[PDB]
Every structure is written in structure tokens, then in C-alpha cells.
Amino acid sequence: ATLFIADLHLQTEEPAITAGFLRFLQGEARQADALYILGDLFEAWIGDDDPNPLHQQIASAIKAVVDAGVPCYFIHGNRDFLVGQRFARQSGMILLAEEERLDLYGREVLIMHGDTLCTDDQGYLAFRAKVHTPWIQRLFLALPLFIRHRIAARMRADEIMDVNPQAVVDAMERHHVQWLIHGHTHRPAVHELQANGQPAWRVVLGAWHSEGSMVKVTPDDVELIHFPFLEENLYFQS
């Protein structure tokens, strides 16, 4: 099986999510053929030189999955688009492009974070175009870490728009797939549509708000799975 997760929004103020992700990496992920993280792994990212201990904790945990023989891949989200090759090396993850076509047991599947499908949010797409401009990222990353932290804290102090159905069809026809997996919108669901003259499906990951969410693709099926962060020990009441 191949696993997909997204929209964890890890942060030191939410240790329950971190614990849930560490439990996921120690258990389920170790049995996978591959793990794809489709963006928004972190609530924020201001560059790989950030000494935030959570980053090293997460990198070590992911690296243990990689060393266990499970390749891990990352597509950037709207929150963590500055994740770079230094973190990729620390974590053992492979950085992928904003759209990737996968062969999953003979099924061609398009994966992406999903924010680029939300083409009705014209203001966001303009912001996205700016912060994905390479010379702008290079200038921001050049600023001192304490400045970047102040910029980020100020900006974060300032409802997620859903996908545009025509953008979905465009993407699945550009890639000639019948299957699309994405996150970003926080509306876990399976949508049927038509692409390339045939039925097509759009599978949406959940955010890790109160429980975890993953998509698990097998040779036989596609599974959207919700599970508790921590081991829920049963006990009995007379």
C-alpha cells in the first residue's frame, strides 16, 4: 500500500498532533510501499536554517521511516513552501514538484497540494505567485532569522476556499489521469467527475484537527481513513 497525508499543520503549540504523527510514523508508515506528504506538514516555515527543535524531531522521525526502507516524498503546501533541500537531507525526504503523476499499482494518479485548484480565490493566487517567485524567496531567506520570525508572526496574526471544478478537469486532462489526490481544502471526500471521456475521481485528504487522516492506495482499492492520534486504551464501566 501507498500512503498519502497532508495538512498536519505541525506546531509546537499542538503537541497532540505531533504525537499522533510520530505514532503514525512508528507504526502504519513502516509497512507502506511509500509515503507521500502532500503539503502543509508544518503550520509555518521560514527556512531550513530555523533551529526550531520540532523541525529536527520531525526530520529524525521521518528519517527513521526512510531508513526502514519506505521512501518518503513531499509536495509543498501553502504554509510550508519554503521547505528546502537541507530539510530534505535531514529528513531523508524527496522534494517533488507541485504536480506529480504516479503509477500506483497500474493506476495513474495525479497528486498535488490542491491550493492551485482553488482558482476562484484570485487574491490568494496572486499572493502565491509572489511567494513562489525565486528571487523573492531568495531575498526573504537572506533576511536574519529573527527578522523572518517577526515577519511570520506578524503575517500569521492577520474558511478555506474550495476547488474550482473546471480547474480539476483541466488538471486531470493535462495529465490524462482518472484519479487525483490532494489536500489543502480540509474537506475529506471522494468526488466523481468526468475527465478524458471517462469517469474520474478526486480524493481529498483531511486536516489533522482532532483525528488523523490518510489515503491508502492498494492494488485493489482506494481508502480514506480516519484514526485517532494516540493509542485509545479501552476500559470498562459497570
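One rule holds for the numbers: they count along the sequence shown, beginning at 1.
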Is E159 without coordinates in at least a third of the other compared PDB entries of this protein that model the residues flanking it?
-> yes
Gap size, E159 back to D158 (deposited sequence, no coordinates) = 10 or more
Select between 73-81 and 131-139 the stretch whose C-alpha atoms have the higher average B-factor in the entry.
-> 131-139
Out of 29-37 and 193-201, which stretch has the higher average CA B-factor listed in the record?
-> 193-201
Whose C-alpha has the highest temperature factor in the PDB entry: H182, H55, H176, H186?
-> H176
Using the B-factors in the PDB entry, rank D170's C-alpha atom against the chain and give the third, lowest, middle or highest.
-> highest
Looking at the C-alpha B-factor of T116, is it in the lowest, middle or highest third of its chain?
-> middle
Select lowest, middle or highest to describe the third in which the CA B-factor of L234 falls within its chain in this entry.
-> highest
Third assignment of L110 from its chain's C-alpha B-factors = middle
Assert third(CA B-factor, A16) within chain per record equals highest
